[PDB]
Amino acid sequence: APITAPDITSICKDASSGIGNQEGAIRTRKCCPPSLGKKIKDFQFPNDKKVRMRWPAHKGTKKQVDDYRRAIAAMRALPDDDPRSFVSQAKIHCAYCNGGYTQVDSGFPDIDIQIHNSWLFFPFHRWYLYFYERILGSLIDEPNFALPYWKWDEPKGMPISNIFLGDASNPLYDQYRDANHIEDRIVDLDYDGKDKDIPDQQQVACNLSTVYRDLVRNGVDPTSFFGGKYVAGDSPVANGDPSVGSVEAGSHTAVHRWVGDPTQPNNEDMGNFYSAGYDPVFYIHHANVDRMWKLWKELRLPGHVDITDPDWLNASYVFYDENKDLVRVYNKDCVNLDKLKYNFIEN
């Protein structure tokens, strides 16, 4: 039976798993979404007249960068208890990744829902971003709004984009980042918690190698790429478990560890799930992870196929949308980007 989110606005508990230092935690663990007594409605495919074209974060136009900053600022300006707010959007990640919900709707109220470290990883984050992007557009009255994506698979895209830097006056800034790494600028997709101290050009080569390993060498079939089968009745898979998919365990994890500030108790913000969403770059990194799924499929290789297991197809999550409606979405319905009315500008 498929993993099924309950009414997250009626059945939710404080996040208390996967956070090593709760005593000194700098972000809240009260990550439950606002309870507005709304009815959960089924997803309907968008009727957008144009496709939203996500743009490389290092090659944005003035309007792209300006619109994005304005949208994030608007989001930061909302009171937290607005489900579209900066903090509410961050808490979504906390609730789904750090044990806010249980499998009660599947008859297992004794077991948490975890969307990480399994085949739920890609589709959950695809939906998370889908609503996030549409919410941002609505806040600035831009019906064709699109997120940037951090193109760390291309050399010019490997340095963290300057648009995220500066100080608090920049809405895309977050003080809780590894200061030494931000100075280095170039992300280490092979980062394992220890600085390599290698030449920049060698880091580029290392990063190109890492993307190849995650998309081709190790992502050879649906189980190795998406991650292990995870269904109702299953306990949460531990971080670093061998069954975790190639991208999630590889380049994905590396970027989070690299950006997260090691002087913080849980390496907040990016260094832990529960706090990652408080860094705007979280969503932009994840937009490229979302793109990795597209690239993996476009590689017409044996085994590079989508999942057909019903217990994956029928897994579902709940999100607030731009109208503050509650929407249930299914994995099966996000596999086709044309139907979600967005794509990525390549090069």
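Note that residue numbering follows the sequence shown and begins at 1.
(request) Going by the average Cα B-factor in the PDB entry, point out whether 121 to 129 or 181 to 189 comes out higher. (result) Higher of the two, by average CA B-factor, is 181 to 189.
(message) I need to verify one thing: averaged over C-alpha atoms only, is the B-factor higher for 268 to 276 or for 164 to 172?
(response) The recorded data point to 164 to 172.
(request) Identify, among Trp312, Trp296, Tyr68, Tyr283, the residue whose C-alpha carries the highest B-factor in the deposited PDB entry. (result) It is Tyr68.
(message) In terms of recorded Cα temperature factor, pick the maximum from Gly219, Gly99, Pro79, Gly227.
(response) By C-alpha B-factor in the record, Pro79 ranks first.
(message) What third of the chain does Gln44 rank in for C-alpha temperature factor, lowest, middle or highest?
(response) According to the entry, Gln44 has a C-alpha B-factor in the chain's highest third.
(message) Is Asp153 in the lowest, middle or highest third of its chain when residues are ranked by C-alpha B-factor?
(response) As the PDB entry reports it, the C-alpha B-factor of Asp153 lands in the lowest third of its chain.
(message) Using only modelled residues of the chain, where does the Cα B factor of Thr28 rank: lowest third, middle third or highest third?
(response) Tercile = middle for this residue's CA B-factor.
(request) Grab the CA temperature factor for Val104 from the record and place it in the lowest, middle or highest third of its chain. (result) Its C-alpha B-factor, which the entry lists for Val104, ranks in the middle third among residues of this chain.
(request) Just say lowest, middle or highest third for the CA B-factor of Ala74 relative to the other modelled residues in its chain. (result) According to the entry, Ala74 has a C-alpha B-factor in the chain's highest third.
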